[PDB]
Structures are given as structure tokens and as C-alpha cells.
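Chains as they are written, first to last, in the UniProt record's numbering: chain A, 42 to 146; chain B, 42 to 146; chain C, 42 to 146; chain D, 42 to 146. Note that CB positions come from ideal geometry on N, CA and C, so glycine has one too. Down below is the structure, laid out as C-alpha cells.
There are 4 protein chains.
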Amino acid sequence: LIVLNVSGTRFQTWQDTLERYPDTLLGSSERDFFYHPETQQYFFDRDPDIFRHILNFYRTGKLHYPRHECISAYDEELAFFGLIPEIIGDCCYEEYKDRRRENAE
Amino acid sequence: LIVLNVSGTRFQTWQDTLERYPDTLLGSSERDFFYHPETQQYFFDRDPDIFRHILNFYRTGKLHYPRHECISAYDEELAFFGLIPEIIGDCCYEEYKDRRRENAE
Amino acid sequence: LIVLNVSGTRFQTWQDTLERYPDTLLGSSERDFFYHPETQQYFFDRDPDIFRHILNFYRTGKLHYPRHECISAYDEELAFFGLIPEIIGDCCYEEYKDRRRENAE
Amino acid sequence: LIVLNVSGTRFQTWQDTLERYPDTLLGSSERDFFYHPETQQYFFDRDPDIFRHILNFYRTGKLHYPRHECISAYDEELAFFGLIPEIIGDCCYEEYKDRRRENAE
Ligand SMILES: [Zn+2]
Ligand SMILES: [Zn+2]
Ligand SMILES: [Zn+2]
Ligand SMILES: [Zn+2]
Numbered sequence: 042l043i044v045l046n047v048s049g050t051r052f053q054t055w056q057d058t059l060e061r062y063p064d065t066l067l068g069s070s071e072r073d074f075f076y077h078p079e080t081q082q083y084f085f086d087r088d089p090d091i092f093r094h095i096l097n098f099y100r101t102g103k104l105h106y107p108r109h110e111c112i113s114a115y116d117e118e119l120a121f122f123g124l125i126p127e128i129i130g131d132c133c134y135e136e137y138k139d140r141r142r143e144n145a146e
Numbered sequence: 042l043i044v045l046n047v048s049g050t051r052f053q054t055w056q057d058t059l060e061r062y063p064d065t066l067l068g069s070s071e072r073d074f075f076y077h078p079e080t081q082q083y084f085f086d087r088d089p090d091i092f093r094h095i096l097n098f099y100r101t102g103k104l105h106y107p108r109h110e111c112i113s114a115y116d117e118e119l120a121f122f123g124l125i126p127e128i129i130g131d132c133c134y135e136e137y138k139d140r141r142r143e144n145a146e
Numbered sequence: 042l043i044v045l046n047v048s049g050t051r052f053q054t055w056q057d058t059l060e061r062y063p064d065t066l067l068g069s070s071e072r073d074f075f076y077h078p079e080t081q082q083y084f085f086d087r088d089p090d091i092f093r094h095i096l097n098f099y100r101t102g103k104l105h106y107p108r109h110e111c112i113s114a115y116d117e118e119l120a121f122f123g124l125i126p127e128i129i130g131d132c133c134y135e136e137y138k139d140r141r142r143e144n145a146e
Numbered sequence: 042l043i044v045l046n047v048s049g050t051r052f053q054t055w056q057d058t059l060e061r062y063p064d065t066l067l068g069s070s071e072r073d074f075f076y077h078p079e080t081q082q083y084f085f086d087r088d089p090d091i092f093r094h095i096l097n098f099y100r101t102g103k104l105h106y107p108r109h110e111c112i113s114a115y116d117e118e119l120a121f122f123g124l125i126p127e128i129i130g131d132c133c134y135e136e137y138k139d140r141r142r143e144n145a146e
């Protein structure tokens with residue numbers, strides 16, 4: 042089990058799970074830069090709520106978008122972790138698309 | 042106390058509570074497959090936020106649906122844990138029904 | 042510091058804080074029934090998300106209502122912990138009032 | 042790593058991060074008053090959900106506003122931690138502005 046500590050919030054996943062998408066922060070060597078030997082875990086000073094959506098992506102290969110979250114904050118987390126371009130699931134695509142436009146008016 | 046670790050988020054309930062609904066993942070032997078002897082807890086690489094609704098069901102025998110959550114992601118968690126068919130409480134039935142239709146258009 | 046473990050989610054407050062409102066579950070002797078000597082903490086198999094609003098009440102003497110939460114589930118937690126009648130802050134009163142009516146139609 | 046325990050919820054950040062904005066509770070000596078030597082961490086009996094937005098501010102110098110949260114409860118947390126005046130990001134400014142007005146009608 043890999044421990045991904047995001048601003049105090051403990052997340053845990055498998056190395057194999059993350060390796061599913063090389064070519065992202067967590068699935069590549071970029072992750073090494075955030076490791077803390079002393080604690081045997083990776084630390085990220087990022088938003089712990091939005092991170093749930095980042096991690097979930099590794100299992101489904103799909104992204105869900107939380108309506109209640111700010112679209113800018115959401116996109117920033119995707120950009121940071123390398124989920125680019127964003128592959129939003131059909132279930133969430135329209136709302137994400139609509140919010141992006143509204144935010145850009 | 043049974044520890045249900047969902048992607049790093051610790052949940053705890055009673056064995057008796059889960060046994061209330063046999064014929065679901067958590068209330069049956071299916072759960073054994075997710076146990077980790079080394080840590081004395083069960084691990085699930087599933088969504089930790091939506092899991093609250095799964096667990097709550099065992100106490101009430103009823104399900105609540107979070108409006109802010111994606112209906113597809115919600116249903117996927119129900120399908121995974123065996124809460125099938127979903128028994129949504131009257132308080133949440135209509136919104137769940139409406140969202141399911143909208144998502145299927 | 043008093044540890045209030047709600048379905049795996051750790052909450053911590055002061056005994057003095059809870060004693061502010063006698064005549065509620067947490068501020069009275071009713072709480073003793075949920076104590077676990079072995080762990081030096083109280084356990085509640087209740088909703089860990091809604092509990093934030095219960096605890097917050099002790100500091101302000103006022104209650105906030107989360108729009109995204111199901112009003113029935115919300116009221117059930119208030120009923121369980123003895124926050125009766127509910128003293129919803131003016132900031133949240135109307136929405137709570139509106140949702141209660143809608144849920145009762 | 043600095044541990045900021047908010048009502049039982051563990052948050053962690055860097056001293057350098059907090060020092061970015063002197064002239065706030067967390068970035069100044071005001072923080073000392075909340076330290077607990079016995080546990081080597083700071084304790085705050087405040088809302089653990091809204092705190093995510095407080096902490097995030099230190100990294101971006103910008104604030105996001107959660108639509109689902111009560112605007113009064115939100116502003117109270119900003120006032121308490123000294124994020125005054127609030128510097129809401131453009132992405133969230135309008136909604137925050139609108140909600141403030143609605144709450145003041
Ligand atoms: Zn979705
Ligand atoms: Zn409901
Ligand atoms: Zn309020
Ligand atoms: Zn924003």
C-alpha cells in the first residue's frame with residue numbers, strides 16, 4: 042500500500058494502480074520528488090477534497106466532476122497532477138463543459 | 042469494531058451491524074477477500090466519500106442520495122457493494138429518480 | 042481533549058465545550074453509554090459528515106444546515122443527539138424551512 | 042511538517058507556507074496560543090470542512106468559496122483566522138458576492 046498524504050488527509054492506493062497511467066505525476070518518477078523517507082509516504086500540499094477525484098481516475102480511467110467544487114480549483118488540481126487533457130466521463134462531461142464556459146465569460 | 046479502510050479513509054462499524062444485510066458485499070463472506078491480516082482491517086480502493094452512504098444503509102436499511110455527487114459514480118458504488126436493487130429512502134427517491142433519467146437522456 | 046469517534050471519523054472537542062448544553066446527548070450523562078474504556082473514546086455509528094454540524098453547535102449555540110445534505114437524514118441526526126428543538130441560525134433558517142416543507146409534500 | 046488539528050481532522054502544512062502571509066492567525070505568533078506541547082500540534086475547535094479553504098489560501102494567496110457551504114459560517118471562519126479582508130479568487134468572487142447579498146436581505 043502506497044500512502045499519499047494530501048495536506049493531512051491520508052489516501053492509500055496500490056503502486057500497480059497508479060502505474061496504470063504512466064504519464065501523470067503519480068504514475069511516474071515525478072512522484073519520487075514528494076516522498077518522505079522518514080514517514081514512508083508521499084506528501085502533497087494540495088486540496089484533500091478534490092484529490093479524491095484524482096485518485097479515482099486511476100481505477101476507472103475516467104474522471105468525475107463535483108458540481109459543488111469550483112471549476113478553476115478543480116482544473117488546477119488536474120493540471121498539477123498531469124491528468125491532461127482531462128478525460129471527464131460522459132456522466133459528468135456536460136456539467137464540466139458548462140461550468141468551464143460560465144467561468145470564462 | 043470492524044475497520045473498513047476505503048482508499049485511506051477509516052470507517053468503523055460492528056460485525057453485527059453489517060450482518061444485518063446478508064446478501065451484500067460487506068454483510069457476507071465476499072468481504073473476506075478484502076481483509077488484510079497484517080493490519081487487521083479490510084481495504085477497498087473505492088470512493089471514500091460515497092462510502093458513507095453505503096455504510097449508513099446498514100443502520101437504517103435505507104439509502105440516502107447526495108445531490109452533489111454524480112449519479113453514475115453513486116450507482117457504481119452501490120453495484121460494487123451489492124446494494125442491489127437500491128432501496129432509496131422516500132426522502133431521496135425523487136431526486137435520485139430524476140437524476141437517473143437526466144443522466145440517461 | 043474528548044475523542045468522539047463517529048463511524049471511523051475522529052472528532053475532538055473539550056468536555057467544557059460539550060457541557061455548555063446540558064440537555065443534549067453529548068453534554069449529559071447519556072454520553073457515558075457510548076464510551077469505550079479500551080480506547081479512551083466515545084463511539085457513534087452515526088453519519089460522520091453531518092456530525093460536523095452537531096459539534097459546531099456547541100461552540101456557537103447555533104446550527105447551520107448543509108444544503109447538499111438530505112433534510113431527513115439531517116433531522117434524524119439532530120433528533121438522535123438531542124438537539125431538539127433545532128435552533129437553526131438565521132443564515133440557514135429559510136433554506137431549512139423550505140426543504141422541510143418540500144420533503145413533507 | 043506542522044500539524045493543524047481542527048476538531049479532530051488532521052491537516053499538515055509547512056511553516057514556510059504559513060509564514061507566506063504574516064498578518065493572519067496561522068502565519069503569525071497568534072498561532073502559538075493554540076499549540077499543544079504534549080502532542081506537538083496546534084488544535085482548533087473550528088469547522089474542519091471549511092478549514093480546507095483557509096489552508097489552501099496560503100499556497101495560492103487566493104480564496105475559493107464552496108457553494109454548498111453557508112456563507113455566514115464561511116465568513117466566520119475567515120474572520121477568525123484573520124483572512125481579512127477576504128481575497129476571493131475571480132473564479133469564486135461573483136457567487137460569494139451574490140450569496141453575501143442574499144444573506145443580508
Ligand atoms: Zn460522473
Ligand atoms: Zn434521504
Ligand atoms: Zn448558516
Ligand atoms: Zn474559485
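Member of the options whose CA lies at the smallest distance from the CA of residue i
i         : options                                   : result
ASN144(C) : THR65(C), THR80(C), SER113(C), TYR76(C)   : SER113(C)
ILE91(B)  : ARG108(B), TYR76(B), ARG100(B), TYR83(B)  : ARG108(B)
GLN56(B)  : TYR99(B), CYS111(B), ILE128(B)            : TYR99(B)
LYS103(D) : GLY68(D), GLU118(D), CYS132(D)            : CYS132(D)
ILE43(C)  : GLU118(C), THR80(C), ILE129(C), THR65(C)  : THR80(C)
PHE121(B) : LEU67(B), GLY49(B), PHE52(B), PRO63(B)    : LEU67(B)
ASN97(B)  : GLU146(B), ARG61(B), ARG140(B), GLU136(B) : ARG61(B)
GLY130(A) : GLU146(A), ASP64(A), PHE52(A), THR101(A)  : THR101(A)
Residue span of the alpha helix (DSSP H) that contains residue i, given as start and end
i        : result
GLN56(B) : 56 to 60
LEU96(A) : 92 to 101
Run of the beta strand (DSSP E) containing residue i, from where it starts to where it stops
i        : result
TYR83(A) : 82 to 85
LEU42(C) : Looking at the DSSP string, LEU42(C) is not in any beta strand (DSSP E), and its letter there is neither H nor E.
C-alpha gap between residue i and residue j, whole angstroms
i         : j         : result
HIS105(B) : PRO89(C)  : 14 Å
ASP116(B) : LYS138(D) : 35 Å
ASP86(B)  : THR54(A)  : 6 Å
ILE128(B) : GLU127(D) : 44 Å
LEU45(C)  : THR50(D)  : 11 Å
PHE74(C)  : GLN82(C)  : 11 Å
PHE84(D)  : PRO78(D)  : 11 Å
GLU110(A) : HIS94(D)  : 11 Å
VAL47(A)  : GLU71(D)  : 25 Å
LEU59(D)  : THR58(B)  : 43 Å
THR65(C)  : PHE52(C)  : 17 Å
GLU136(B) : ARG142(B) : 10 Å
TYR76(D)  : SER69(D)  : 13 Å
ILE125(C) : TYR134(C) : 15 Å
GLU146(D) : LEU119(B) : 42 Å
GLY123(B) : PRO63(B)  : 10 Å
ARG140(B) : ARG140(D) : 26 Å
Sequence ranges, beta strand (DSSP E) only - wholly within the region 103 to 131 of chain A, length at least 3: none
Quiz: which residues have CB nearer than 6 Å to ligand 2 non-hydrogen atoms: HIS105(B), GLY130(B), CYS132(B), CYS133(B), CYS111(C), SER113(C), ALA114(C)
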